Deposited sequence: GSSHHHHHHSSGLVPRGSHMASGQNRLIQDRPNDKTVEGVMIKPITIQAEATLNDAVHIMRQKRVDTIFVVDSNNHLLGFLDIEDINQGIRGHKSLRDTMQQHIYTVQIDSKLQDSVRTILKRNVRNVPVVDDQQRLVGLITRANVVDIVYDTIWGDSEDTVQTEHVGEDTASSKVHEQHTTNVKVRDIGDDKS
């Protein structure tokens, strides 16, 4: 987990509008929703945000709750997990499910490719 990086996060109580600004400043496709203590609760992309505002929904009710995750303690032999399931983003969490990092497919693909 030296391959991991820091994710862009947003608190659950924030507004969808706040989410919009963040992605823009940071120029990212996706952001992670956490609580005050950094526990992962969700994931948002631009499309979700638009559907949310259009529907007048809170951030909590707009985020994706289903996420595939990997433990901080896990060795970098969970590459198969990212590859088999083919997900752009994989969050890294601790034993308490607090967000600590993020693993990207593009980056993973790159490591393999570079290695071969």
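Engineer: Could you list the ranges of the deposited sequence that have no C-alpha atoms in the model?
Structural biologist: Coordinates drop out over 1-37, 115, 155-194.
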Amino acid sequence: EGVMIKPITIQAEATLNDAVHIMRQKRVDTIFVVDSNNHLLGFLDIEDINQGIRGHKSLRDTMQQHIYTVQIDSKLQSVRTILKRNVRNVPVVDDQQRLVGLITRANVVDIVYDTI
From here on, numbers count along this sequence of modelled residues.
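Engineer: Mean C-alpha B-factor higher for 46-54, or for 72-80?
Structural biologist: Result of the comparison: 72-80.
Engineer: Report the stretch with the higher mean CA temperature factor, choosing between 34-42 and 85-93 on the basis of the entry.
Structural biologist: Averaged over C-alpha atoms, the B-factors run higher in 85-93.
Engineer: Comparing against every modelled residue in the chain, figure out the third that the C-alpha B-factor of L16 lands in (lowest, middle or highest).
Structural biologist: As the PDB entry reports it, the C-alpha B-factor of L16 lands in the lowest third of its chain.
Engineer: Ranking every modelled residue in this chain by its Cα temperature factor as given in the entry, which third contains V100?
Structural biologist: Ranked within chain, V100 CA B lands in the middle tercile.
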